[PDB]
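Enquirer: this one is an experimental structure. Sequence first:
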Amino acid sequence: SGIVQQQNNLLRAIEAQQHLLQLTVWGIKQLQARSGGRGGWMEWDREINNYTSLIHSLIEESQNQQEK
């Protein structure tokens, strides 16, 4: 009964979610913190970086490109 509806919504749906992308990421934060919990997450949020650049220099610097 809505052979066209879905067809037209499929193409619109794509763009019809550009807002939810930020709201979904912000909704999880404002929500999780909505509780009266007393935990620390910042800590591990710093070290996770040290393991990020240690592997990025080994790869990028190792994998060289020119003419292959």
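Expert: Noted; the coordinates are in hand. Numbering: from 1, shown residues only.
Enquirer: which helix or strand contains the residue nearest the centre of the chain?
Expert: With distances taken as Cα atoms, centre = their mean, residue 25 lies nearest the centre of the chain, 7.7 Å away. Following DSSP states H and E, one finds residue 25 within helix 20-32.
Enquirer: in the protein, mark out all the helices, start to finish.
Expert: In the chain, the helices defined using DSSP state H lie at 3-15, 20-32, 42-62.
Enquirer: just the CA coordinates for the last one, please, in CSV.
Expert: In CSV, the C-alpha atoms belonging to helix 42-62 read as follows (Å, rounded to 0.1, in the frame of the first residue of the first chain):
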residue,chain,number,x,y,z
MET,A,42,39.1,10.4,32.5
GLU,A,43,42.1,8.4,33.6
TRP,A,44,42.0,5.6,31.0
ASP,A,45,40.9,8.3,28.6
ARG,A,46,44.4,9.7,28.5
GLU,A,47,46.6,6.5,28.3
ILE,A,48,44.4,5.3,25.4
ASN,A,49,46.2,8.1,23.4
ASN,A,50,49.7,6.9,24.2
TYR,A,51,48.9,3.6,22.5
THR,A,52,47.4,5.5,19.6
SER,A,53,50.6,7.4,18.4
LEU,A,54,53.0,4.6,19.2
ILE,A,55,51.3,2.4,16.6
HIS,A,56,50.7,5.3,14.1
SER,A,57,54.4,6.2,13.7
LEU,A,58,55.4,2.6,13.3
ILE,A,59,52.9,2.0,10.5
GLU,A,60,53.0,5.3,8.6
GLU,A,61,56.8,5.5,8.8
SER,A,62,57.2,1.9,7.9
